[PDB]
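What follows is a single structure, written as C-alpha cells, with notes after it.
Values below: every heavy atom of this structure, side chains too, minus hydrogens, waters and symmetry copies. Below, read A as the first sequence line, B as the second, and so on, with proteins coming before strands; counting in each chain starts at 1.
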Amino acid sequence: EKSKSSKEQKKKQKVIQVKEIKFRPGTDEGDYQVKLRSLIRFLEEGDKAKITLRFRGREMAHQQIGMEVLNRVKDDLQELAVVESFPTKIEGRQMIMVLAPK
Amino acid sequence: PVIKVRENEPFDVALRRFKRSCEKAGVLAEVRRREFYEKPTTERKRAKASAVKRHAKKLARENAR
Amino acid sequence: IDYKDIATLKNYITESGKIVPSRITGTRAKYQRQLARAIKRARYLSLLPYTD
Amino acid sequence: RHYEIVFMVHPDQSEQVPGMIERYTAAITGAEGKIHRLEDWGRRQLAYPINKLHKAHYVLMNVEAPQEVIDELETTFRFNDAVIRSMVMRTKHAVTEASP
Amino acid sequence: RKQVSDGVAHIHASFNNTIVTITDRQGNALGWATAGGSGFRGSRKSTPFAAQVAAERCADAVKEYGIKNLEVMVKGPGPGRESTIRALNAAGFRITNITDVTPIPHXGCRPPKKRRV
Amino acid sequence: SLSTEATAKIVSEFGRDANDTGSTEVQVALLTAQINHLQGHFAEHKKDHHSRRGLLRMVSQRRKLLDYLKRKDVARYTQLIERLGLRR
RNA sequence: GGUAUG
RNA sequence: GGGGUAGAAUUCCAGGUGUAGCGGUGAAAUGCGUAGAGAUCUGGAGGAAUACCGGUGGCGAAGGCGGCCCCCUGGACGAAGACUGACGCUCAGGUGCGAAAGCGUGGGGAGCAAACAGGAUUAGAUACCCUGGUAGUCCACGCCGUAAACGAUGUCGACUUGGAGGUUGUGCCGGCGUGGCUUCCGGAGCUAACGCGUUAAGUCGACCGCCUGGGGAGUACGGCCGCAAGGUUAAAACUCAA
Ligand SMILES: C[C@H]1O[C@H](O[C@H]2[C@H](O)[C@@H](O)[C@@H](O)[C@H](O)[C@@H]2O)[C@@H](N)C[C@@H]1NC(=N)C(=O)O
Ligand SMILES: [K+]
Ligand SMILES: [K+]
Ligand SMILES: [K+]
Ligand SMILES: [K+]
Ligand SMILES: [K+]
Ligand SMILES: [K+]
Ligand SMILES: [Mg+2]
Ligand SMILES: [Mg+2]
Ligand SMILES: [Mg+2]
Ligand SMILES: [Mg+2]
Ligand SMILES: [Mg+2]
Ligand SMILES: [Mg+2]
Ligand SMILES: [Mg+2]
Ligand SMILES: [Mg+2]
Ligand SMILES: [Mg+2]
Ligand SMILES: [Mg+2]
Ligand SMILES: [Mg+2]
Ligand SMILES: [Mg+2]
Ligand SMILES: [Mg+2]
C-alpha cells in the first residue's frame, strides 16, 4: 500500500539527463553568449551537457577553427563543469565534448 | 432521457431507444461544445458560417431543382 | 398564448422539457416568442419542469 | 394597472389561505382596487421540489390596483414564510374569463 | 450484507476513464470498478472494451449483495457508455431503467481554454 | 413620456384650441414638462446614458423651437419663456 | 505524437 | 438604469456509503489519494453566468444588448385624421458616449487565467501540451479613450429595370394590396478588377472628414490630456526605385 511514498522517495532525487547544445565554427559572439547562458542553466540544475560542433562542407578543412570554439566553451565553463570527454578527431562531421557538473 | 424498460421488450431494443433518446436530446453534442471556452466572436463566426452553408444549400438544392 | 395553459404548452416542449424550435413545430415567429415566455413563466411557478 | 398575482402556499398552511386572501384583497379595495378574478386552484403537484415540498397551494389574483399597494403585497409575501413563491405580472387589460 | 435485490449502476463515462459504481436505491455505494483498475493503462483505459471489463469486475464485486434488478445512470460523453450497459445485461442483472444524467450548465461556469494541439 | 391627461392639459393651457397641438408654444411647453419630469429620473439613474440621449434631443429640439419663435414673433417668445420659466 | 537541413 | 428572484452547473464545506485508485497525455510525469481520494447520496456555503427558445431573428447613434418579474426610462413603426408653418440639411472648433486590456480607492472571489511554479516535448523550447496558480475577469465609484471600434463604405435628400426570402405593422375580400426594417441573387450603369447593383460602389445635389511613392513613422520635437500606462495633434534629415 505504502509504495506511493517509496516511489516518491526514489523520484525526489533526479535522474541526470544530457542536454545538447550545438555550435558551428562561425557562431557569432552574441549567439555564443545565448548558448553559454543555456549551458550555465543546464549545469547549475545538475544536467550533463553534450556540446557538439558541426562542420559543414569544406569547413572540415579548417578543423582547428572549430576546436577553438570548444576550447573557448571549456574555459568559460571551467568553474562549474568538468570535461567528461574532449573530441580528438572529427567523427562524421561533428566534435562532441561532454561536460558534466562539478 | 428516461428510457424505462417496458414489459416483454428485449434489452437490445431498449438500448436502441436509449440511443435515439440521447441522440435527439443532443446531450453528447452539448457536452462536446462545453468542453472548452469559445469566445463570443468565434461563436458568431461559426453561426454565420452555418447560415451561409445552409443558404448555399437552398440555392443549389433548388437553382437546379 | 397563456403560461397557465399547460395543456397547450406541453405540445411545444420535448420529453426532457426543452422548448421545441419553430422550424420543427412550424410556429410563427411572433408566437414562438410568446410561447417561449409562457414556458419560462410556467417553469418558475413549477407548472412545467425545467429538466428531467 | 392590471396585475396578475399568482402565489403558492406551503401546503400545511392551506388552512391559512382563505384568511390570507381576505387580508390582501382588503388592502387592494382599501385603495380603489378591483378584483377582476380570484381562482384558488388549490393544492397541486409541483413539477419539481421547492425547499423539500412536493405539493403546494396555488392562488390566482387578477387585480387592478395602484402601484403602492402591489409593492406592499410583495413585502407581505416576502415575510409571510407560508408563501413559498410569488409572481406579480402586469397585464394590458383586465381578465375576467376562467383559466384552466 | 442485506441482499440489495434492486440497486443502481452509476456509469461515469469520461473521455479518459470509466468508473462504474453500484449503489442501493438510496445511493449508498456497494462496490466500484474503474477501467484503469482493470489492467488497462494510459489511453487503453479510454476504450469501449476496458469499460466492458470494468462493468464485469463491478458485477463480480456485488455478487454478495445478490442484486437482480439494476437502474443504470450513465453520466458523460465517454466511449464506455453503451459498452458498460451491454456488459451489465450479459452479467445477469435485469435492467429496469436507463437514464442519462449528464450535467448541462444552463448558461454557468467558464470552461477551460481550447487546446492548441 | 407624459400621460395623455398631462399632455392634454398643456395643450389646452398653451394652445389656441384643443386642436392646436402644433403651435410652437404647445410644442415647447410639452417639451419643457417632459424635460422637467426627467430631471427626477437622471438624479437617481445617473448611468442611464441611453435615456439621457433622448433627453438631449428634447433639450435640443426645444432650443430650436424657441429660436424659431424668437425670430418669427418676439412677443409670443417673451410670454412663453416666462410662463414656462426659461432663462433664454 | 514536431515533415530541423536537397 | 434600478431592484428583486429562479433553475442548472462548477468549486468548497460537513455528513453517509464505499475502497484503491483518480487525474492527465501522442506517450508521460508533476498533482491528488489509505489522515480514505475519485465515484455515489444528503445537506450547507458561496460566486459567476443564464442551456433549450435562438433564427444571416430583433433592438440600439456606435460601442453594444439574451433566464424571469416589477419599477423608472429612451427610441422606432403603422393607421386614419387634426395641428404648427421651412421651424430644414450639414457641421471646423466644442460637448458627450465609447469593446477589451489597464489604472486608483474599497469590496468580492466559484469558474477561468497573463505573470509565475512545477512536469514534459526538443538540438534548444524563455512556447505550443500537462498540473497548478496570482493579478485580472465580478461589484461600487473615479480614471483611461483605444481596437480588423469593419460594411475596412461620413451624414442628409431625390431619382433609376427585376427575382427569391425573412421580419414587423396595416387595409380589403386563404387571396388581393399597402408601409417600416432586413438577407440573398441579379439587370442597366459603374468599377483596374474583384465586385457593387433601389439598403449602390448607379444617376445627381448639400455640407463635413480625409489622401498625395515606400521605408524612416503615427516616430521625434512642441502643445494639450492622463495618477500611470499612455493617448491626441504631428514633422524632417536620410535611404530605396520602387
Ligand atoms: C512543427 C514545427 O513547425 C514549424 O517548423 C517547420 C519545420 O519543422 C519544418 O517542417 C519546415 O522547416 C517547415 O517549413 C517549418 O514550418 C514551426 N512552427 C516550429 C514547429 N516545431 C516545434 N514547435 C517544435 O519542434 O517544438
Ligand atoms: K417567501
Ligand atoms: K451650426
Ligand atoms: K485568483
Ligand atoms: K475579368
Ligand atoms: K521619401
Ligand atoms: K508628445
Ligand atoms: Mg438596427
Ligand atoms: Mg419600451
Ligand atoms: Mg474592464
Ligand atoms: Mg481594479
Ligand atoms: Mg487552471
Ligand atoms: Mg495552463
Ligand atoms: Mg485608430
Ligand atoms: Mg462586423
Ligand atoms: Mg477606418
Ligand atoms: Mg448631424
Ligand atoms: Mg449583387
Ligand atoms: Mg470605386
Ligand atoms: Mg506618439
Heavy atom of residues 29-40 of chain C under 4.0 Å from RNA chain H: which residues?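 Heavy-atom contacts with RNA chain H come from C:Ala29, C:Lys30, C:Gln32, C:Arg33, C:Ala36, C:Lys40.
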Indicate yes or no: does F:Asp67 engage F:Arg63 in a salt bridge with an N to O separation below 4.0 Å.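 Yes, this pair counts.
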Assess whether a salt bridge exists between B:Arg33 and B:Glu30, defined as any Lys/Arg side-chain N lying under 4.0 Å from an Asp/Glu carboxylate O.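 B:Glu30 and B:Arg33: salt-bridged.
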So is [N] sitting in a Watson-Crick or G-U wobble pair with [M], both distances under 3.5 Å?
N      : M      : answer
H:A39  : H:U17  : yes
H:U198 : H:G88  : no
H:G31  : H:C22  : yes
H:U131 : H:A117 : yes
H:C196 : H:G189 : yes

Any chance you could list the contact pattern along [range]? Use B for base contacts, S for sugar-phosphate-only contacts and - for none, protein heavy atoms under 4.0 Å, 5' to 3'.
range                          : answer
nucleotides 31-41 of chain H   : --BB--BBBBS
nucleotides 105-111 of chain H : -----BB
nucleotides 72-97 of chain H   : BBSSS-----BBSSSBS--------S

Heavy-atom neighbours of B:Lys39 NZ exceed 12 at 6.0 Å: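 No, not enclosed.
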Could you pull out the protein-nucleic contacts involving nucleotides 129-133 of chain H (nitrogen or oxygen on both sides, under 3.5 Å)?
unit_1: H:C129; atom_1: OP1; unit_2: E:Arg116; atom_2: N; d: 2.8
unit_1: H:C129; atom_1: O3'; unit_2: E:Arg115; atom_2: NE; d: 3.1
unit_1: H:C129; atom_1: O3'; unit_2: E:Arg115; atom_2: NH2; d: 3.1
unit_1: H:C129; atom_1: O2'; unit_2: E:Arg115; atom_2: NH2; d: 2.8
unit_1: H:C130; atom_1: OP1; unit_2: E:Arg115; atom_2: NE; d: 2.9

Distance flag, aromatic centroids of C:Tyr3 and C:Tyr44, threshold under 6.0 Å: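 That pair fails the under 6.0 Å test.
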Does a nitrogen or oxygen in the side chain of B:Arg54 sit under 4.0 Å from OP1 or OP2 of H:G165?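 Looking at the OP1 and OP2 atoms of H:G165, neither is under 4.0 Å from any side-chain N or O of B:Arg54.
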Between H:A6, H:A9, H:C184, which nucleotide gets closest to the side-chain atoms of D:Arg85?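 Side chain of D:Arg85 sits closest to H:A6.
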Side chain to side chain contact (heavy atoms under 4.5 Å, CB included) between D:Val83 and D:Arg78, intermediate numbers included: CA-CA 8 Å; D:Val83 191; D:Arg78 182 173 295 289; over 6 Å; no
What protein N or O atoms touch nucleotides 2-6 of chain G N or O atoms at under 3.5 angstrom, if any, and at what distances?
unit_1: G:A4; atom_1: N6; unit_2: A:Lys22; atom_2: NZ; d: 3.4
unit_1: G:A4; atom_1: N6; unit_2: A:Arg54; atom_2: NH1; d: 3.4
unit_1: G:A4; atom_1: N1; unit_2: A:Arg54; atom_2: NH1; d: 3.2

H:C87, syn or anti by chi within 90 degrees of zero: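 Syn conformation for H:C87.
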Spatial distance of atom OG1 (E:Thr21) from atom CG (E:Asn28) [nearest 0.5 Å]: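 Spacing of OG1 (E:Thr21) from CG (E:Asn28) equals 12.5 Å.
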